[PDB]
Amino acid sequence: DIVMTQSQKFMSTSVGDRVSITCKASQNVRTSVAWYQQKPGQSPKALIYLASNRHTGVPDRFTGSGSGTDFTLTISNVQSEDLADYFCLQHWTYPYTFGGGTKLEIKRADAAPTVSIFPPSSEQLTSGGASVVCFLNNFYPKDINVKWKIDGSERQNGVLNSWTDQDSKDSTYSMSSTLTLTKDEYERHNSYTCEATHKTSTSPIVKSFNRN
Amino acid sequence: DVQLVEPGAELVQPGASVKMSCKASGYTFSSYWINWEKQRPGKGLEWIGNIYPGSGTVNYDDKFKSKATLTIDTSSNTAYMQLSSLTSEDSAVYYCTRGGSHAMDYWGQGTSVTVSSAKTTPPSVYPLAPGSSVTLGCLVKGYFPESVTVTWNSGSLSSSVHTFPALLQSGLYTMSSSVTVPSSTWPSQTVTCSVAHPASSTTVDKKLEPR
Amino acid sequence: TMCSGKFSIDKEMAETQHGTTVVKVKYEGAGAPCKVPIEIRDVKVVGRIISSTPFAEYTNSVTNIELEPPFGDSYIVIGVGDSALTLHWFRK
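Chains as they are written, first to last, in the authors' numbering: chain B, 1 to 212; chain A, 1 to 131, 138 to 217; chain S, 300 to 342, 346 to 394.
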């Protein structure tokens with residue numbers, strides 16, 4: 001079996017710059033190598049067929065090169081939409097084998113998060129539970145720290161964090177932080193705080209509320 | 001205009017078998033090969049095998065020999081894959097594609113298979129209203151299996167909406183969806199989240215009210 | 300070393316997605332494991351064998367033979383002697 005080696009696991013590029021996604025074949029596959037673009041939560045789109053030939057409705061920014069064992073996908077003039085997973089595939093012989101994939105990140109000017117704290121709904125409080133949600137929206141880089149504080153004291157137990165994939169338009173990231181605690185535990189504390197720590201500020205952005 | 005219609009998701013019991021469809025349209029079906037790929041989350045793609053409509057010719061990747069059965073219905077331009085004696089290794093996104101000597105060109109939407117003996121549970125929908139712009143949300147808690155869709159103001163409110171990936175808590179999914187509306191439009195205008203869970207055949211509409 | 304026995308057809312010649320042909324042959328002779336005798340004749347064509355030098359791993363074993371047959375009328379000879387299997391192929 002042939003092994004497609006897409007060594008580049010992650011790649012960050014600013015809009016307009018050039019990126020070269022490499023793929024290495026375990027044996028001579030000739031030119032029977034295709035490239036696919038997989039945008040988050042979407043089907044893969046055919047970009048390059050037979051190592052060097054661009055498909056119909058594919059910008060001339062996309063370029064395929066090589067033969068035998070070294071194959072490269074080149075995206076000149078990187079765009080915000082180019083935000084995807086890129087992969088090579090051999091169809092030289094059965095079984096058809098795919099490259100590891102290359103998650104392309106799009107570099108942009110640092111953007112501070114837009115923090116919003118939300119208390120548990122009266123509906124949830126009637127079911128015996130209490131979830132305290134925090135939205136840390138539209139920021140760059142993806143690296144961020146979210147801290148919860150219950151009456152001054154830190155809490156990590158019950159906290160669930162979810163990052164969105166990078167935005168196709170603005171190139172920013174968003175993150176939801178959910179502290180799940182019992183109705184009883186919630187009703188035994190007053191000040192709920194959430195401290196977002198990002199490189200955009202020396203002072204962490206603090207959004208809070210009191211049960212009164 | 002090439003279209004391979006694949007059912008969105010399928011919930012299967014461990015040890016049971018699944019039959020998934022790939023409805024081709026927009027091209028001469030009996031003259032192109034059909035491909036089938038596997039995609040486990042955060043992992044790469046795997047070629048299950050391929051079929052030829054105009055001959056019934058089959059090629060399987062040995063890795064899938066005892067697992068996949070590739071049939072074709074030319075009268076319905078539908079291609080099929082049957083996966084048997086299911087295990088958790090089989091929970092993945094299955095793709096179908098058109099083939100040629102250029103390989104895969106037009107990929108279908110993929111069926112997200114989930115292997116579990118767990119009961120389908122409808123979610124609890126909680127509105128997130130705070131205590138220049140006002141961010142609102144909805145909390146889709148304790149549902150099985152994936153996925154759910156959160157619609158804001160019948161879809162008019164978009165490009166201000168963030169839909170957050172579903173996390174697991176004791177075998178059930180929880181997800182949040184945010185919306186950002188100019189401070190003047192709320193509470194002055196009605197802001198509603200229409201949560202849909204096809205598995206449970208539910209749809210819960212919640213009105214975002216102040217205080 | 301070359302196989303010297305009967306090779307029957309397990310699965311007939313078939314064109315692949317990648318524009319090649321495959322034959323699945325059962326070996327009914329002895330001396331196995333042995334190299335499968337493969338000839339591609341025209342109306346003798348060289349280097350049109352895609353497979354990694356085919357072998358009959360044991361008696362009763364099936365072997366996939368990937369070829370790049372010439373365009374149009376070709377003839378594939380599997381085995382030697384009067385038990386050799388001549389296969390006619392057409393490539394469009």
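From the three backbone atoms N, C-alpha and C, an ideal C-beta is built for every residue, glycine too.
Checking contacts by CB at 8 Å: is residue i closer than that to chain A?
i: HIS317(S); result: yes
i: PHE10(B); result: no
i: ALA358(S); result: no
i: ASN28(B); result: no
i: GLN156(B); result: no
i: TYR140(B); result: no
i: residue 216(B); result: The structure shown does not extend to residue 216(B), since chain B spans only 1 to 212, so no value can be given for it.
i: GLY100(B); result: yes
Could you check what DSSP says for residue i in three-state terms: helix, strand or coil?
i: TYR94(B); result: coil
i: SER177(B); result: strand
i: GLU123(B); result: helix
i: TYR186(B); result: helix
i: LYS38(A); result: strand
i: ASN212(B); result: coil
i: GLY66(B); result: strand
i: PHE64(A); result: helix
i: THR87(A); result: coil
i: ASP1(B); result: coil
i: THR74(A); result: helix
i: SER138(A); result: coil
i: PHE170(A); result: coil
i: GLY99(B); result: coil
i: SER7(B); result: coil
i: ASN161(B); result: strand
Report the CB separation of residue i from residue j in whole angstroms; it is logged as a contact under 8 Å.
i: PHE170(A); j: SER162(B); result: 5 Å
i: residue 223(A); j: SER91(A); result: Nothing in the structure corresponds to residue 223(A), since chain A is present only between 1 and 217.
i: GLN109(A); j: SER7(B); result: At roughly 30 Å, the Cβ-Cβ gap does not stay under 8 Å, so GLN109(A) and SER7(B) are not in contact.
i: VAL342(S); j: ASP375(S); result: 5 Å
i: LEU214(A); j: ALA129(A); result: 5 Å
i: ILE339(S); j: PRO356(S); result: Actually they do not touch by this definition, with Cβ atoms about 13 Å apart.
i: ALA68(A); j: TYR80(A); result: Not a contact, Cβ separation roughly 10 Å.
i: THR13(B); j: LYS107(B); result: 6 Å
i: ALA51(B); j: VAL33(B); result: 5 Å
i: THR361(S); j: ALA329(S); result: 7 Å
i: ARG393(S); j: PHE373(S); result: 5 Å
i: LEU83(B); j: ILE48(B); result: Going by Cβ atoms, the distance from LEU83(B) to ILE48(B) rounds to 18 Å, so no, they are not a contact pair.
Does chain B have any CB closer than 8 Å to the CB of residue i?
i: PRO193(A); result: no
i: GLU311(S); result: no
i: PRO122(A); result: no
i: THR141(A); result: yes
i: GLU368(S); result: yes
i: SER21(A); result: no
i: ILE352(S); result: yes
i: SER91(A); result: no
i: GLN3(A); result: no
i: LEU214(A); result: no
i: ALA103(A); result: yes
i: residue 218(A); result: Chain A is shown from 1 up to 217; residue 218(A) falls before or after that span and cannot be answered.
i: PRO53(A); result: no
i: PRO151(A); result: no
Taking CB distances under 8 Å as the criterion, tell me whether residue i reaches chain S.
i: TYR49(B); result: no
i: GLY99(A); result: yes
i: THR198(A); result: no
i: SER67(B); result: no
i: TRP33(A); result: yes
i: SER171(B); result: no
i: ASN159(A); result: no
i: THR57(A); result: yes
i: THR93(B); result: yes
i: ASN77(A); result: no
Looking at residue i and the ligand HEM, is the gap between the Cβ and the nearest heavy atom below 7 Å?
i: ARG211(B); result: Ligands displayed in this structure: none; no statement on the ligand HEM is therefore possible.
- Take every Cβ of the segment 330-337 of chain S, pair it with every Cβ of the segment 99-117 of chain B, and state whether three or more of those distances are shorter than 8 Å. As far as the Cβ criterion goes, the segment 330-337 of chain S does not touch the segment 99-117 of chain B, which means the pair count is below three.
- Contact between the segment 34-43 of chain B and the segment 73-89 of chain B: three or more CB pairs below 8 Å? yes
- Message: Quick check on the DSSP output: what are the complete alpha helix (DSSP H) runs of length 4 or more inside the segment 176-212 of chain A, in order along the chain?
- Response: none
- Would the segment 62-73 of chain A and the segment 3-16 of chain A be scored as touching if the rule is three or more Cβ pairs under 8 Å? no
- Message: Does the segment 175-195 of chain B come into contact with the segment 147-162 of chain B, if we say contact requires no fewer than three beta-carbon pairs (one atom in each stretch) closer than 8 Å?
- Response: yes
- List in chain order: all unbroken alpha helix (DSSP H) runs of 4+ residues lying wholly within the segment 11-52 of chain B. none
- Message: Runs of 3 residues minimum, wholly inside the segment 129-157 of chain B: which ones carry the beta strand (DSSP E) assignment?
- Response: Counting whole runs of 3 or more residues, the segment 129-157 of chain B contains the beta strand (DSSP E) stretches 129-139, 145-150, 153-155.
- Is there contact here, the segment 182-198 of chain A with the segment 139-157 of chain A, by at least three beta-carbon pairs under 8 Å? yes
- Task: Taking 8 Å as the threshold, find out whether the segment 197-214 of chain A comes into contact with the segment 110-130 of chain A through three or more Cβ pairs.
- Result: yes
- Query: At a cut of 8 Å, does the segment 29-45 of chain A reach the segment 80-97 of chain A through at least three beta carbon pairs?
  - Reply: yes
- Task: Taking 8 Å as the threshold, find out whether the segment 302-316 of chain S comes into contact with the segment 381-388 of chain S through three or more Cβ pairs.
- Result: The answer is yes - the segment 381-388 of chain S touches the segment 302-316 of chain S, with three or more Cβ pairs under 8 Å.
- Item | Segment contact flag, the segment 16-33 of chain B with the segment 69-79 of chain B, C-beta cutoff 8 Å, min 3 pairs | The count of Cβ pairs closer than 8 Å, one atom from the segment 16-33 of chain B and one from the segment 69-79 of chain B, reaches three, so the stretches are in contact.
- Message: Would you call the segment 127-147 of chain B in contact with the segment 17-27 of chain A, where contact means no fewer than 3 C-beta pairs closer than 8 Å?
- Response: Contact fails: fewer than three Cβ-Cβ distances are below 8 Å.
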